[PDB]
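S.K.:
In the deposited numbering, the protein residues as written are 1 to 93.
Right, here's the structure in full:
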């Protein structure tokens, strides 16, 4: 899936995508890489696949505020190698 290959002349700031982490309520954390313009949809699924749980049964919050899969890591301008808190709330079902 590393089919991203620009013939650009990047010299000063060689950056593209950043690393993120998701801490689960179980005390485990996953380390992954996501692009700035890449939707959290893949993020939520990535962690879900790793931990072996349902994304519909969990929630993601960052910096005190909640984030939906429809948001991007650039939308709130998070830092590289930052972490997101995950909690699994079964309420009413």
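Even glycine gets a Cβ: it sits at the ideal position worked out from N, Cα and C.
1) Could you tell me which of 72, 90 and 88 sits nearest to residue 33, measuring between CA atoms?
2) Check whether the region 71-86 and the region 54-62 touch, using three or more Cβ-Cβ pairs below 8 Å as the test.
3) Taking the straight line between their C-alpha atoms, what separation do you get for residue 55 and residue 3?
4) Using the DSSP secondary-structure output, state which residues sit across from residue 20 in a beta bridge.
5) Please state the DSSP three-state secondary structure of residue 88.
6) How is the alpha helix (DSSP H) around residue 61 delimited, first residue to last?
7) What are the partner residues of residue 65, as DSSP defines its beta bridges?
8) With DSSP collapsed to three states, give me the class of residue 2.
9) What did DSSP end up calling residue 25 once you bin it into helix, strand or coil?
M.R.: The answer reads as follows:
1) Translated into the one-based positions of the chain shown, residue 33 becomes position 33. The residue with the shortest Cα to Cα distance from residue 33 is 72.
2) Yes: at least three Cβ pairs fall under 8 Å.
3) For the purposes of this step, residue 55 is taken as residue 55 along the chain shown, with counting starting at 1. For the purposes of this step, residue 3 is taken as residue 3 along the chain shown, with counting starting at 1. In a straight line, the C-alpha of residue 55 is about 27 Å away from that of residue 3.
4) Here residue 20 is taken as the residue at index 20 of the chain shown, counted from 1. 32 and 82, per the DSSP bridge assignment.
5) Within the chain shown, numbered from 1, the residue matching residue 88 stands at position 88. DSSP places residue 88 in coil when its eight states are reduced to three.
6) For the purposes of this step, residue 61 is taken as residue 61 along the chain shown, with counting starting at 1. It is not in any alpha helix (DSSP H) - residue 61 instead sits in the beta strand (DSSP E) that spans 59-62.
7) Walking along the chain shown from the start, residue 65 turns up at place 65. 62.
8) Counting from one through the chain shown, the residue named residue 2 turns up at place 2. Annotated three-state conformation of residue 2 is coil, per DSSP.
9) Within the chain shown, the letter at position 25 stands for residue 25. It is coil, neither helix nor strand.
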